[PDB]
Amino acid sequence: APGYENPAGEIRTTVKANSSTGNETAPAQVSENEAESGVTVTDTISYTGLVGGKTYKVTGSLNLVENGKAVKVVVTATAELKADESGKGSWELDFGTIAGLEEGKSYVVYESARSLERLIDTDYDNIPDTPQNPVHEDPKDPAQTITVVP
Ligand SMILES: [Mg+2]
């Protein structure tokens, strides 16, 4: 086949819980009363180095964090999303309305964006043979974290 330069992708994530958004410094926060009432959780996935116009199966997980480690999947969400023509842009993944988040606990979002098509050449025959799949799985990323406060 002709010249095939492998795409090299990166995804970053920002969680929103009700009206609170995580950032580089501090997690999103919801009160115990908000947690009892059901928390709307959405995650923004900022991507670069994807293949323009290609569809990615995005899977997200909301994870209980203890001692800086993800110890329990609370909920997952999934959608098939198209990369912008430039291969850079953002997606929104809607987790819906989450019950049972506990006061004093932190929860972290992970994202996996896996192309439907084979876009990575693993064997240098110039033929792509495996999906492109950047991930963001940082249990200590405050931008992906929700903390329940009194
Ligand atoms: Mg190949």
# chains A, B, ... in the order shown; residues from 1 in each chain; ligands from 1
>>> select_by_dssp(residues="stretch 7-38 of chain A", states="strand (DSSP E)", output="list in words")
residues 10, 11, 12, 13, 14, 15, 16, 17, 20, 21, 28, 29, 30 and 31 of chain A
>>> closest_atom_pairs(of="chain A", to="ligand 1", cutoff="6 Å", atoms="only C-alpha atoms and all ligand atoms", output="tab-separated table")
residue	atom	partner	partner_atom_place_in_ligand_line	distance
A:121	CA	ligand 1	1 (Mg)	4.0
A:122	CA	ligand 1	1 (Mg)	5.3
A:123	CA	ligand 1	1 (Mg)	4.6
A:124	CA	ligand 1	1 (Mg)	5.4
A:125	CA	ligand 1	1 (Mg)	4.7
A:126	CA	ligand 1	1 (Mg)	5.5
A:127	CA	ligand 1	1 (Mg)	3.9
A:128	CA	ligand 1	1 (Mg)	4.6
A:129	CA	ligand 1	1 (Mg)	4.8
>>> closest_residue(among="A:120, A:58, A:143, A:65", to="residue A:94", atoms="only C-alpha atoms")
A:58
>>> residues_around(residues="residue A:22", least_positions_apart="5", cutoff="10 Å", atoms="only C-alpha atoms", output="list in words")
residues 13, 14, 15, 16, 17, 27, 28, 29, 43, 141, 142, 143, 144, 145, 146 and 147 of chain A
>>> write_last_selection(atoms="C-alpha atoms", output="PDB file, in the first residue's frame")
ATOM      1  CA  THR A  13     -11.806  15.335  30.051  1.00  0.00           C
ATOM      2  CA  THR A  14     -13.835  17.874  32.089  1.00  0.00           C
ATOM      3  CA  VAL A  15     -16.772  16.664  34.255  1.00  0.00           C
ATOM      4  CA  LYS A  16     -19.861  18.780  35.045  1.00  0.00           C
ATOM      5  CA  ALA A  17     -22.066  17.745  38.007  1.00  0.00           C
ATOM      6  CA  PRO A  27     -12.911  18.995  41.532  1.00  0.00           C
ATOM      7  CA  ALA A  28     -16.569  19.771  40.842  1.00  0.00           C
ATOM      8  CA  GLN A  29     -18.565  19.842  44.128  1.00  0.00           C
ATOM      9  CA  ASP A  43     -18.262  14.872  30.535  1.00  0.00           C
ATOM     10  CA  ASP A 141      -7.314  14.395  37.672  1.00  0.00           C
ATOM     11  CA  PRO A 142      -9.343  17.140  39.469  1.00  0.00           C
ATOM     12  CA  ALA A 143     -10.936  18.226  36.122  1.00  0.00           C
ATOM     13  CA  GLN A 144     -12.602  14.732  35.924  1.00  0.00           C
ATOM     14  CA  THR A 145     -13.503  14.587  39.680  1.00  0.00           C
ATOM     15  CA  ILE A 146     -16.808  15.173  41.577  1.00  0.00           C
ATOM     16  CA  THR A 147     -16.612  15.561  45.401  1.00  0.00           C
TER      17      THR A 147
END
>>> closest_residue(among="A:50, A:96, A:150, A:130", to="residue A:38", atoms="only C-alpha atoms")
A:96
>>> closest_residue(among="A:90, A:112, A:40, A:19", to="residue A:57", atoms="only C-alpha atoms")
A:112
>>> closest_residue(among="A:86, A:97, A:42, A:20", to="residue A:54", atoms="only C-alpha atoms")
A:86
>>> residues_around(residues="residue A:136", least_positions_apart="6", cutoff="9 Å", atoms="only C-alpha atoms", output="short mmCIF file (atom, residue, chain, number, x, y, z; two decimals) with N, CA and C atoms, in the first residue's frame")
data_model
loop_
_atom_site.label_atom_id
_atom_site.label_comp_id
_atom_site.auth_asym_id
_atom_site.auth_seq_id
_atom_site.Cartn_x
_atom_site.Cartn_y
_atom_site.Cartn_z
N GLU A 10 -4.80 12.19 21.42
CA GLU A 10 -4.83 12.51 22.87
C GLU A 10 -6.25 12.95 23.20
N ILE A 11 -6.78 12.50 24.33
CA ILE A 11 -8.06 13.05 24.87
C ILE A 11 -7.83 13.55 26.30
N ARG A 12 -8.49 14.66 26.63
CA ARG A 12 -8.57 15.24 27.98
C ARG A 12 -10.06 15.33 28.32
N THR A 13 -10.40 15.42 29.60
CA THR A 13 -11.81 15.33 30.05
C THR A 13 -12.10 16.42 31.09
N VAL A 109 -14.07 10.53 36.42
CA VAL A 109 -14.48 10.08 35.06
C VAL A 109 -13.25 9.61 34.29
N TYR A 110 -13.37 8.44 33.68
CA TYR A 110 -12.42 7.91 32.67
C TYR A 110 -13.10 7.92 31.31
N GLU A 111 -12.33 8.12 30.23
CA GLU A 111 -12.87 8.08 28.85
C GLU A 111 -11.94 7.26 27.97
N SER A 112 -12.55 6.48 27.09
CA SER A 112 -11.88 5.66 26.06
C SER A 112 -12.55 5.95 24.72
#
>>> residues_around(residues="stretch 70-85 of chain A", least_positions_apart="6", cutoff="8 Å", atoms="only C-alpha atoms", output="PyMOL selection string")
chain A and resi 50-64+91+93-95+108+139
>>> write_last_selection(atoms="C-alpha atoms", output="PDB file, in the first residue's frame")
ATOM      1  CA  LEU A  50      -7.932  11.885  15.612  1.00  0.00           C
ATOM      2  CA  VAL A  51      -8.762  11.092  11.947  1.00  0.00           C
ATOM      3  CA  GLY A  52     -11.171  13.760  10.593  1.00  0.00           C
ATOM      4  CA  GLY A  53     -14.671  12.425   9.764  1.00  0.00           C
ATOM      5  CA  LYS A  54     -14.053   8.984  11.418  1.00  0.00           C
ATOM      6  CA  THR A  55     -16.460   7.628  14.090  1.00  0.00           C
ATOM      7  CA  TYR A  56     -15.177   6.698  17.598  1.00  0.00           C
ATOM      8  CA  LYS A  57     -17.036   4.487  20.116  1.00  0.00           C
ATOM      9  CA  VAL A  58     -16.575   6.567  23.304  1.00  0.00           C
ATOM     10  CA  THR A  59     -17.041   4.711  26.620  1.00  0.00           C
ATOM     11  CA  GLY A  60     -16.990   6.670  29.894  1.00  0.00           C
ATOM     12  CA  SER A  61     -16.910   5.385  33.494  1.00  0.00           C
ATOM     13  CA  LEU A  62     -17.603   7.237  36.780  1.00  0.00           C
ATOM     14  CA  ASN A  63     -15.293   5.654  39.401  1.00  0.00           C
ATOM     15  CA  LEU A  64     -15.251   5.771  43.233  1.00  0.00           C
ATOM     16  CA  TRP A  91     -17.598  15.960  22.409  1.00  0.00           C
ATOM     17  CA  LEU A  93     -21.024  12.445  26.816  1.00  0.00           C
ATOM     18  CA  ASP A  94     -24.268  12.478  28.916  1.00  0.00           C
ATOM     19  CA  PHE A  95     -24.217   9.972  31.874  1.00  0.00           C
ATOM     20  CA  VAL A 108     -13.546  10.357  38.780  1.00  0.00           C
ATOM     21  CA  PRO A 139      -7.726   8.721  39.078  1.00  0.00           C
TER      22      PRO A 139
END
>>> residues_around(residues="stretch 30-33 of chain A", least_positions_apart="6", cutoff="6 Å", atoms="only C-alpha atoms", output="PyMOL selection string")
chain A and resi 103+148-150
>>> select_by_dssp(residues="chain A", states="helix (DSSP H, G or I)", output="PyMOL selection string")
chain A and resi 32-37+142-144
>>> atom_distance(atom1="atom CA of residue A:49", atom2="atom CA of residue A:117")
15.4 Å
>>> closest_residue(among="A:105, A:132, A:99, A:68", to="residue A:39", atoms="only C-alpha atoms")
A:99
>>> closest_residue(among="A:67, A:23, A:18, A:6", to="residue A:37", atoms="only C-alpha atoms")
A:18
